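Data from entry-v3.csv: CSV, C-alpha atoms and all ligand atoms
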chain,number,residue,atom,x,y,z
Q,1,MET,CA,-103.8,56.1,-20.3
Q,2,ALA,CA,-103.8,54.0,-23.4
Q,3,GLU,CA,-107.3,53.1,-24.6
Q,4,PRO,CA,-108.3,49.5,-25.6
Q,5,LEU,CA,-108.2,48.9,-29.4
Q,6,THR,CA,-111.6,47.6,-30.4
Q,7,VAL,CA,-111.8,48.9,-34.0
Q,8,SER,CA,-109.9,47.5,-37.0
Q,9,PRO,CA,-109.2,49.6,-40.1
Q,10,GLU,CA,-110.6,48.9,-43.5
Q,11,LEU,CA,-108.5,46.5,-45.5
Q,12,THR,CA,-107.9,49.0,-48.4
Q,13,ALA,CA,-107.4,52.3,-46.5
Q,14,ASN,CA,-104.5,54.7,-46.7
Q,15,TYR,CA,-102.4,53.1,-43.9
Q,16,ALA,CA,-98.8,52.0,-43.7
Q,17,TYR,CA,-98.3,49.1,-41.3
Q,18,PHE,CA,-95.3,48.3,-39.1
Q,19,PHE,CA,-95.2,45.2,-36.8
Q,20,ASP,CA,-92.8,44.0,-34.2
Q,21,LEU,CA,-92.3,40.3,-34.1
Q,22,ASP,CA,-91.4,38.8,-30.7
Q,23,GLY,CA,-94.3,39.4,-28.3
Q,24,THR,CA,-96.4,41.1,-31.0
Q,25,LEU,CA,-96.9,38.7,-34.0
Q,26,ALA,CA,-95.5,35.6,-32.2
Q,27,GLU,CA,-95.9,34.6,-28.6
Q,28,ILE,CA,-92.9,34.8,-26.2
Q,29,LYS,CA,-91.0,31.6,-25.8
Q,30,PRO,CA,-88.3,30.5,-23.3
Q,31,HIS,CA,-85.9,30.2,-26.3
Q,32,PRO,CA,-85.7,32.3,-29.5
Q,33,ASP,CA,-85.6,29.2,-31.8
Q,34,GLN,CA,-88.9,28.0,-30.5
Q,35,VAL,CA,-90.7,31.1,-31.8
Q,36,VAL,CA,-93.2,30.5,-34.7
Q,37,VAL,CA,-95.5,32.9,-36.6
Q,38,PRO,CA,-98.5,30.8,-37.5
Q,39,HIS,CA,-98.9,30.3,-41.3
Q,40,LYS,CA,-102.4,31.8,-41.4
Q,41,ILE,CA,-101.0,35.0,-39.6
Q,42,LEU,CA,-98.3,35.2,-42.3
Q,43,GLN,CA,-101.0,34.9,-45.0
Q,44,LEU,CA,-103.1,37.6,-43.4
Q,45,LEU,CA,-100.0,39.9,-43.2
Q,46,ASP,CA,-99.2,39.2,-46.9
Q,47,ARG,CA,-102.8,40.0,-47.9
Q,48,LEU,CA,-102.8,43.3,-45.8
Q,49,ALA,CA,-99.5,44.4,-47.5
Q,50,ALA,CA,-100.9,43.5,-50.9
Q,51,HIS,CA,-104.1,45.5,-50.4
Q,52,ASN,CA,-102.0,48.5,-49.1
Q,53,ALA,CA,-99.5,48.7,-52.0
Q,54,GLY,CA,-97.0,46.6,-50.2
Q,55,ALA,CA,-96.6,49.2,-47.3
Q,56,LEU,CA,-96.0,46.7,-44.5
Q,57,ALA,CA,-92.7,46.2,-42.7
Q,58,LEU,CA,-91.4,44.1,-39.9
Q,59,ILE,CA,-89.5,46.2,-37.4
Q,60,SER,CA,-87.7,43.9,-34.9
Q,61,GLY,CA,-84.6,43.4,-32.8
Q,62,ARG,CA,-83.9,40.2,-34.7
Q,63,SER,CA,-81.4,39.9,-37.5
Q,64,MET,CA,-82.9,40.1,-41.0
Q,65,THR,CA,-81.9,36.5,-41.7
Q,66,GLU,CA,-83.9,35.2,-38.7
Q,67,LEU,CA,-86.9,37.5,-39.8
Q,68,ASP,CA,-86.7,35.8,-43.2
Q,69,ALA,CA,-86.7,32.4,-41.5
Q,70,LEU,CA,-89.6,33.3,-39.4
Q,71,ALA,CA,-91.7,34.8,-42.2
Q,72,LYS,CA,-90.9,32.1,-44.8
Q,73,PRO,CA,-91.9,31.9,-47.6
Q,74,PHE,CA,-92.9,35.6,-47.5
Q,75,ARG,CA,-90.4,38.4,-48.0
Q,76,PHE,CA,-91.5,41.6,-46.3
Q,77,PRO,CA,-89.7,44.9,-46.0
Q,78,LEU,CA,-87.6,44.6,-42.9
Q,79,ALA,CA,-85.8,46.5,-40.1
Q,80,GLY,CA,-83.6,44.3,-37.9
Q,81,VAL,CA,-81.3,44.9,-35.0
Q,82,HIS,CA,-83.6,47.7,-33.9
Q,83,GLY,CA,-82.9,49.5,-37.2
Q,84,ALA,CA,-79.2,48.8,-37.7
Q,85,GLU,CA,-80.2,46.6,-40.6
Q,86,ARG,CA,-82.9,47.5,-43.1
Q,87,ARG,CA,-84.3,46.2,-46.4
Q,88,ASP,CA,-86.7,48.4,-48.4
Q,89,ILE,CA,-89.3,47.5,-51.0
Q,90,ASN,CA,-86.7,47.1,-53.8
Q,91,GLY,CA,-84.8,44.5,-51.7
Q,92,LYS,CA,-81.9,46.9,-51.2
Q,93,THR,CA,-80.2,46.4,-47.8
Q,94,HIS,CA,-78.7,49.0,-45.5
Q,95,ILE,CA,-76.3,47.8,-42.7
Q,96,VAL,CA,-74.8,50.0,-40.1
Q,97,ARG,CA,-71.1,49.0,-39.8
Q,98,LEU,CA,-69.0,49.2,-36.6
Q,99,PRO,CA,-65.1,49.2,-36.6
Q,100,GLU,CA,-63.7,45.7,-36.5
Q,101,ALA,CA,-61.5,46.4,-33.5
Q,102,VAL,CA,-64.5,47.6,-31.4
Q,103,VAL,CA,-66.5,44.5,-32.2
Q,104,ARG,CA,-63.5,42.2,-31.4
Q,105,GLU,CA,-62.7,43.9,-28.1
Q,106,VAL,CA,-66.3,44.2,-26.9
Q,107,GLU,CA,-67.1,40.5,-27.8
Q,108,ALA,CA,-64.0,39.3,-26.0
Q,109,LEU,CA,-64.8,41.4,-22.9
Q,110,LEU,CA,-68.4,40.2,-22.8
Q,111,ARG,CA,-67.4,36.5,-23.3
Q,112,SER,CA,-64.9,36.7,-20.5
Q,113,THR,CA,-67.2,38.6,-18.1
Q,114,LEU,CA,-70.0,36.0,-18.8
Q,115,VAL,CA,-68.3,33.1,-17.0
Q,116,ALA,CA,-69.3,34.3,-13.6
Q,117,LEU,CA,-72.9,34.6,-14.6
Q,118,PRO,CA,-74.1,31.1,-15.6
Q,119,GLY,CA,-77.3,30.7,-17.6
Q,120,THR,CA,-76.7,34.0,-19.4
Q,121,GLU,CA,-76.3,33.9,-23.2
Q,122,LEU,CA,-74.2,36.3,-25.4
Q,123,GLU,CA,-75.7,36.6,-28.9
Q,124,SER,CA,-73.4,38.5,-31.4
Q,125,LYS,CA,-75.3,40.2,-34.3
Q,126,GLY,CA,-72.4,41.6,-36.2
Q,127,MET,CA,-73.0,45.2,-35.1
Q,128,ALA,CA,-74.8,44.5,-31.7
Q,129,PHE,CA,-74.6,42.2,-28.7
Q,130,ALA,CA,-77.6,40.8,-26.9
Q,131,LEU,CA,-77.2,39.5,-23.3
Q,132,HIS,CA,-80.0,37.1,-22.5
Q,133,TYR,CA,-80.9,36.2,-18.9
Q,134,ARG,CA,-84.3,34.5,-19.1
Q,135,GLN,CA,-82.7,31.3,-17.8
Q,136,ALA,CA,-81.1,33.2,-14.9
Q,137,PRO,CA,-82.8,36.5,-14.1
Q,138,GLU,CA,-80.8,37.1,-10.9
Q,139,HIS,CA,-77.9,38.3,-13.1
Q,140,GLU,CA,-80.2,41.0,-14.7
Q,141,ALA,CA,-78.5,43.7,-12.7
Q,142,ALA,CA,-74.9,42.5,-13.3
Q,143,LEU,CA,-75.3,42.3,-17.1
Q,144,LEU,CA,-77.0,45.8,-17.0
Q,145,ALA,CA,-74.0,47.3,-15.1
Q,146,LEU,CA,-71.6,45.5,-17.4
Q,147,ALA,CA,-73.3,46.8,-20.5
Q,148,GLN,CA,-73.3,50.3,-19.0
Q,149,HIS,CA,-69.5,50.1,-18.8
Q,150,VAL,CA,-69.2,49.1,-22.4
Q,151,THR,CA,-71.3,52.0,-23.6
Q,152,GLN,CA,-69.1,54.2,-21.4
Q,153,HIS,CA,-65.8,53.1,-23.0
Q,154,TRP,CA,-67.1,52.7,-26.6
Q,155,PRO,CA,-69.2,55.9,-27.4
Q,156,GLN,CA,-70.1,54.2,-30.7
Q,157,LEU,CA,-72.5,52.0,-28.6
Q,158,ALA,CA,-75.8,52.6,-26.9
Q,159,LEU,CA,-78.0,50.6,-24.5
Q,160,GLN,CA,-81.4,49.0,-25.3
Q,161,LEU,CA,-82.9,47.0,-22.5
Q,162,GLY,CA,-85.8,44.7,-23.2
Q,163,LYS,CA,-87.8,41.8,-21.9
Q,164,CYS,CA,-85.3,39.4,-20.4
Q,165,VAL,CA,-82.4,41.0,-22.4
Q,166,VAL,CA,-79.9,43.8,-22.3
Q,167,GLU,CA,-78.7,44.7,-25.8
Q,168,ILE,CA,-75.8,46.9,-26.9
Q,169,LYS,CA,-76.5,48.5,-30.3
Q,170,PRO,CA,-74.9,51.2,-32.4
Q,171,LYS,CA,-75.5,54.7,-31.1
Q,172,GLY,CA,-78.3,56.4,-33.0
Q,173,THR,CA,-80.1,53.1,-33.9
Q,174,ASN,CA,-83.7,52.9,-32.8
Q,175,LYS,CA,-87.0,51.8,-34.2
Q,176,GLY,CA,-88.2,55.4,-34.6
Q,177,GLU,CA,-85.6,56.2,-37.1
Q,178,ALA,CA,-86.2,52.9,-38.9
Q,179,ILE,CA,-89.9,53.8,-39.3
Q,180,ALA,CA,-88.8,57.3,-40.4
Q,181,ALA,CA,-86.5,55.9,-43.1
Q,182,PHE,CA,-89.4,53.7,-44.3
Q,183,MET,CA,-91.9,56.6,-44.2
Q,184,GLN,CA,-89.9,58.7,-46.7
Q,185,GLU,CA,-89.8,55.9,-49.3
Q,186,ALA,CA,-92.4,54.4,-51.5
Q,187,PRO,CA,-94.8,52.8,-51.0
Q,188,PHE,CA,-95.0,53.9,-47.4
Q,189,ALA,CA,-94.7,57.7,-48.2
Q,190,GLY,CA,-98.1,59.4,-48.3
Q,191,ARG,CA,-99.8,56.8,-46.0
Q,192,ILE,CA,-100.7,57.0,-42.3
Q,193,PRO,CA,-98.3,55.0,-40.2
Q,194,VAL,CA,-99.5,52.2,-37.9
Q,195,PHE,CA,-97.1,50.6,-35.5
Q,196,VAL,CA,-97.8,47.6,-33.2
Q,197,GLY,CA,-95.2,46.7,-30.5
Q,198,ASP,CA,-94.8,45.4,-27.0
Q,199,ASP,CA,-91.4,46.3,-25.6
Q,200,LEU,CA,-89.3,49.3,-24.6
Q,201,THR,CA,-87.5,49.5,-27.9
Q,202,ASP,CA,-90.9,50.0,-29.5
Q,203,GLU,CA,-91.7,53.2,-27.5
Q,204,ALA,CA,-89.4,55.2,-29.8
Q,205,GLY,CA,-91.5,54.0,-32.7
Q,206,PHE,CA,-94.7,54.9,-30.9
Q,207,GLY,CA,-93.3,58.4,-30.4
Q,208,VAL,CA,-92.6,59.0,-34.0
Q,209,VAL,CA,-95.9,57.5,-35.0
Q,210,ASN,CA,-97.8,59.7,-32.6
Q,211,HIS,CA,-96.1,62.9,-33.8
Q,212,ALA,CA,-97.0,61.9,-37.4
Q,213,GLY,CA,-100.7,61.6,-36.7
Q,214,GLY,CA,-100.6,57.8,-37.0
Q,215,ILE,CA,-101.8,54.9,-34.8
Q,216,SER,CA,-99.6,53.4,-32.1
Q,217,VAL,CA,-100.7,50.1,-30.5
Q,218,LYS,CA,-99.2,48.5,-27.4
Q,219,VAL,CA,-99.4,44.8,-26.8
Q,220,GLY,CA,-99.6,43.4,-23.3
Q,221,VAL,CA,-99.2,45.1,-19.9
Q,222,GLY,CA,-97.0,48.0,-18.9
Q,223,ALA,CA,-96.9,51.8,-19.1
Q,224,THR,CA,-96.7,53.1,-22.7
Q,225,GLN,CA,-97.0,56.3,-24.7
Q,226,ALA,CA,-98.9,54.4,-27.3
Q,227,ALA,CA,-102.5,55.6,-27.8
Q,228,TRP,CA,-104.0,52.2,-28.1
Q,229,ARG,CA,-103.6,48.8,-26.3
Q,230,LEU,CA,-104.1,45.2,-27.2
Q,231,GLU,CA,-104.2,42.6,-24.4
Q,232,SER,CA,-102.2,39.8,-25.9
Q,233,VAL,CA,-100.7,38.3,-29.1
Q,234,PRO,CA,-103.9,36.3,-29.9
Q,235,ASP,CA,-105.7,39.7,-29.8
Q,236,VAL,CA,-103.3,41.0,-32.4
Q,237,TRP,CA,-104.1,37.9,-34.5
Q,238,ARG,CA,-107.9,38.6,-34.0
Q,239,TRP,CA,-107.3,42.2,-34.9
Q,240,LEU,CA,-105.5,41.2,-38.1
Q,241,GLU,CA,-108.2,38.7,-39.1
Q,242,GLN,CA,-110.9,41.4,-38.5
Q,243,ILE,CA,-109.0,43.8,-40.7
Q,244,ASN,CA,-108.8,41.1,-43.5
Q,245,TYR,CA,-112.4,39.8,-43.0
Q,246,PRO,CA,-114.8,42.2,-41.3
Q,301,LIG,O1,-89.6,35.3,-27.6
Q,301,LIG,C1,-88.5,34.5,-27.7
Q,301,LIG,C2,-87.3,35.4,-27.3
Q,301,LIG,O2,-87.6,36.8,-27.6
Q,301,LIG,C3,-86.5,37.8,-27.1
Q,301,LIG,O3,-85.4,37.6,-27.8
Q,301,LIG,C4,-85.6,38.1,-29.1
Q,301,LIG,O4,-85.8,39.6,-29.0
Q,301,LIG,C5,-84.7,40.4,-28.7
Q,301,LIG,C6,-85.0,41.9,-28.8
Q,301,LIG,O5,-84.1,42.7,-28.1
Q,301,LIG,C7,-83.4,40.1,-29.5
Q,301,LIG,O6,-82.3,40.8,-29.0
Q,301,LIG,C8,-83.1,38.6,-29.5
Q,301,LIG,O7,-82.0,38.3,-30.4
Q,301,LIG,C9,-84.3,37.8,-29.9
Q,301,LIG,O8,-84.0,36.4,-29.8
Q,301,LIG,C10,-86.2,37.5,-25.7
Q,301,LIG,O9,-85.1,38.3,-25.3
Q,301,LIG,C11,-85.9,36.1,-25.4
Q,301,LIG,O10,-85.7,35.9,-24.0
Q,301,LIG,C12,-86.9,35.2,-25.9
Q,301,LIG,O11,-86.5,33.8,-25.7
Q,302,CL,CL,-87.5,43.9,-30.5
Q,303,MG,MG,-91.3,42.5,-29.0
Would you write the structure of this file as structure tokens?
Amino acid sequence: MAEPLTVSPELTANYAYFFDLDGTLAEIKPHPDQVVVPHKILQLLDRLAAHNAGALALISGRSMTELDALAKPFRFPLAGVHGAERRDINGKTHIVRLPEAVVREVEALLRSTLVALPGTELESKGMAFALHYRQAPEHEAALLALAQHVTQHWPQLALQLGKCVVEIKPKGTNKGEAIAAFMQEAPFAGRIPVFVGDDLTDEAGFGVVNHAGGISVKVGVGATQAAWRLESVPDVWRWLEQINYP
């Protein structure tokens, strides 16, 4: 249904760019700390943002600190934890805050329930919890069910499944509303949104980008509502390089 992306926009057009990180700008790794965005890709992203009035943001499930570590030394506008954290063009940060008791109780519950599922990792993000199972995919069901119970008992929380992960996020947080928040602010406002992603959390973004008359690009295999598809992360790199130097 999605058609292959074989054209690259002009460098100085009227576009606003949104990129996912893991699986879109950097190749998937067995461990999150092994992920690297090549320095030339970061330079190309900086040049694209510069020629489009700075209207380029990184929309990711990572925390903003890890996004800063990955994009160092560059400091882009950011949306982390699927939108629960954001940083606009002026550097102002917006953080969704959960009650302290909810965070404490949910963290304790997950830590205790994790013992009977070896190889799974619990990553606490302040206002979210990621359950990784790449080292032991057989627990994928269990974690899922477990998360489904948490969201049942704490209505403040919603589910976000993803590649080798089950995340529990604040309800109402999604990449679509993060892109929406960016698109009503300068310098993104007035430009055509472009969003490149690869996972389920990105579909929301795709939706809001399609309704706005923008360009949605899916990376990798799988069904999608994005209008365009790129085969792999190196193809995203080639696409970016073609934008910068046709
Ligand atoms: O590619 C390396 C890792 O990417 C994923 O993990 C990242 O993306 C998740 C998005 O939901 C975040 O929750 C997580 O904090 C990031 O580390 C993937 O889940 C991992 O298995 C990969 O090792
Ligand atoms: Cl993500
Ligand atoms: Mg991704």
How many Å lie between atom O4 of ligand LIG 301 (chain Q) and CA of residue 11 in chain Q, rounded to one decimal?
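That distance, rounded to one decimal, is 28.9 Å.
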Residues at most 8 Å from ligand CL 302 (chain Q), using only C-alpha atoms and all ligand atoms? Could they come as a list in words?
residues 20, 21, 22, 59, 60, 61, 62, 81, 82, 162, 199, 201 and 202 of chain Q
List the spatial neighbours of range 72-78 of chain Q as an mmCIF file with C-alpha atoms, keeping the file's coordinate frame - criterion: any atom at most 9 Å away, only C-alpha atoms, same-chain residues fewer than 3 positions off excluded.
data_model
loop_
_atom_site.group_PDB
_atom_site.id
_atom_site.type_symbol
_atom_site.label_atom_id
_atom_site.label_comp_id
_atom_site.auth_asym_id
_atom_site.auth_seq_id
_atom_site.Cartn_x
_atom_site.Cartn_y
_atom_site.Cartn_z
ATOM 1 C CA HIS Q 39 -98.900 30.300 -41.300
ATOM 2 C CA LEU Q 42 -98.300 35.200 -42.300
ATOM 3 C CA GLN Q 43 -101.000 34.900 -45.000
ATOM 4 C CA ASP Q 46 -99.200 39.200 -46.900
ATOM 5 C CA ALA Q 49 -99.500 44.400 -47.500
ATOM 6 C CA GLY Q 54 -97.000 46.600 -50.200
ATOM 7 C CA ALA Q 55 -96.600 49.200 -47.300
ATOM 8 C CA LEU Q 56 -96.000 46.700 -44.500
ATOM 9 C CA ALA Q 57 -92.700 46.200 -42.700
ATOM 10 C CA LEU Q 58 -91.400 44.100 -39.900
ATOM 11 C CA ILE Q 59 -89.500 46.200 -37.400
ATOM 12 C CA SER Q 60 -87.700 43.900 -34.900
ATOM 13 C CA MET Q 64 -82.900 40.100 -41.000
ATOM 14 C CA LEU Q 67 -86.900 37.500 -39.800
ATOM 15 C CA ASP Q 68 -86.700 35.800 -43.200
ATOM 16 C CA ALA Q 69 -86.700 32.400 -41.500
ATOM 17 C CA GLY Q 83 -82.900 49.500 -37.200
ATOM 18 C CA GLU Q 85 -80.200 46.600 -40.600
ATOM 19 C CA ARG Q 86 -82.900 47.500 -43.100
ATOM 20 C CA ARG Q 87 -84.300 46.200 -46.400
ATOM 21 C CA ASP Q 88 -86.700 48.400 -48.400
ATOM 22 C CA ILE Q 89 -89.300 47.500 -51.000
ATOM 23 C CA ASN Q 90 -86.700 47.100 -53.800
ATOM 24 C CA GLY Q 91 -84.800 44.500 -51.700
ATOM 25 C CA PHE Q 182 -89.400 53.700 -44.300
#
Rank nothing, just name the residue among Q:178, Q:115, Q:45, Q:36 nearest to residue 96 in chain Q, using all atoms listed in the file.
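Distance minimum relative to residue 96 in chain Q lands on Q:178.
A distance cut-off of 6 Å from ligand LIG 301 (chain Q), applied to all atoms listed in the file, picks out the residues residues 22, 28, 29, 30, 31, 32, 35, 61, 62, 130, 132, 134, 162, 163, 164 and 165 of chain Q.
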For residue 144 in chain Q, the nearest of the candidates Q:166, Q:158, Q:16, Q:50, counting all atoms listed in the file:
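Going through Q:166, Q:158, Q:16, Q:50 one by one, the smallest distance to residue 144 in chain Q is for Q:166.
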Within 7 Å of range 228-244 of chain Q using only C-alpha atoms, minus same-chain residues under 6 positions, as a PyMOL selection string:
chain Q and resi 2-5+8-11+23-27+41+44+48+216-220
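Between ligand MG 303 (chain Q) and the candidates Q:196, Q:98, Q:125, Q:1, the tightest atom-to-atom separation, counting all atoms listed in the file, involves Q:196.
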Coordinates-based distance that separates CA of residue 184 in chain Q from CA of residue 128 in chain Q (Å, one decimal)
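Taking CA of residue 128 in chain Q as the start and CA of residue 184 in chain Q as the end point, the length is 25.6 Å.
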Please determine the residues with any atom at most 6 Å from (-73.8, 45.9, -38.6) (coordinates as given in the file, with only C-alpha atoms counting) and report them as number ranges by chain.
Q: 95-97, 126-127
Just-selected residues, C-alpha atoms written as a PDB file, keeping the file's coordinate frame:
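Written out: result_16.pdb:
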ATOM      1  CA  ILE Q  95     -76.300  47.800 -42.700  1.00  0.00           C
ATOM      2  CA  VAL Q  96     -74.800  50.000 -40.100  1.00  0.00           C
ATOM      3  CA  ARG Q  97     -71.100  49.000 -39.800  1.00  0.00           C
ATOM      4  CA  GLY Q 126     -72.400  41.600 -36.200  1.00  0.00           C
ATOM      5  CA  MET Q 127     -73.000  45.200 -35.100  1.00  0.00           C
TER       6      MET Q 127
END
Quick one: of Q:15, Q:143, Q:100, Q:71, who's nearest to residue 188 in chain Q, counting only C-alpha atoms?
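The shortest atom-to-atom distance to residue 188 in chain Q comes from Q:15.
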Measure the distance from CA of residue 109 in chain Q to CA of residue 65 in chain Q in Å and round it to one decimal.
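Going from CA of residue 109 in chain Q over to CA of residue 65 in chain Q covers 25.9 Å.
For the choices Q:186, Q:149, Q:206, Q:123, the atom-to-atom distance to residue 167 in chain Q is smallest for Q:123 when using all atoms listed in the file.
For the residues Q:114, Q:200, Q:227, Q:212, ranking by smallest atom-to-atom distance to ligand MG 303 (chain Q) using all atoms listed in the file places Q:200 first.
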My structure is short of atoms at range 62-73 of chain Q; please model N, CA, C and O atoms there, returning them as a tab-separated table (two decimals), in the coordinates of the input.
chain	number	residue	atom	x	y	z
Q	62	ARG	N	-84.54	41.33	-34.06
Q	62	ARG	CA	-83.90	40.20	-34.70
Q	62	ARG	C	-83.06	40.60	-35.88
Q	62	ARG	O	-83.28	41.65	-36.48
Q	63	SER	N	-82.10	39.76	-36.24
Q	63	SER	CA	-81.40	39.90	-37.50
Q	63	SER	C	-82.33	39.64	-38.66
Q	63	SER	O	-83.28	38.87	-38.54
Q	64	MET	N	-82.04	40.25	-39.82
Q	64	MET	CA	-82.90	40.10	-41.00
Q	64	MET	C	-82.99	38.66	-41.46
Q	64	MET	O	-84.03	38.24	-41.99
Q	65	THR	N	-81.91	37.89	-41.30
Q	65	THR	CA	-81.90	36.50	-41.70
Q	65	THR	C	-82.94	35.70	-40.87
Q	65	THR	O	-83.70	34.88	-41.40
Q	66	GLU	N	-82.97	35.94	-39.55
Q	66	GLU	CA	-83.90	35.20	-38.70
Q	66	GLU	C	-85.36	35.71	-38.97
Q	66	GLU	O	-86.30	34.93	-38.86
Q	67	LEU	N	-85.53	36.99	-39.34
Q	67	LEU	CA	-86.90	37.50	-39.80
Q	67	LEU	C	-87.31	36.76	-41.03
Q	67	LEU	O	-88.48	36.41	-41.17
Q	68	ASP	N	-86.38	36.55	-41.98
Q	68	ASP	CA	-86.70	35.80	-43.20
Q	68	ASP	C	-87.07	34.37	-42.88
Q	68	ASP	O	-87.99	33.80	-43.48
Q	69	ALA	N	-86.34	33.76	-41.94
Q	69	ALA	CA	-86.70	32.40	-41.50
Q	69	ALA	C	-88.02	32.31	-40.87
Q	69	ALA	O	-88.76	31.34	-41.06
Q	70	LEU	N	-88.38	33.34	-40.09
Q	70	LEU	CA	-89.60	33.30	-39.40
Q	70	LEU	C	-90.84	33.61	-40.27
Q	70	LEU	O	-91.93	33.08	-40.03
Q	71	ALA	N	-90.65	34.42	-41.31
Q	71	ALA	CA	-91.70	34.80	-42.20
Q	71	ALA	C	-91.73	33.99	-43.50
Q	71	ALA	O	-92.47	34.33	-44.43
Q	72	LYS	N	-90.92	32.93	-43.58
Q	72	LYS	CA	-90.90	32.10	-44.80
Q	72	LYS	C	-92.22	31.51	-45.09
Q	72	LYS	O	-92.89	31.03	-44.17
Q	73	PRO	N	-92.65	31.49	-46.36
Q	73	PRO	CA	-91.90	31.90	-47.60
Q	73	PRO	C	-92.02	33.36	-47.94
Q	73	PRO	O	-91.53	33.73	-49.01
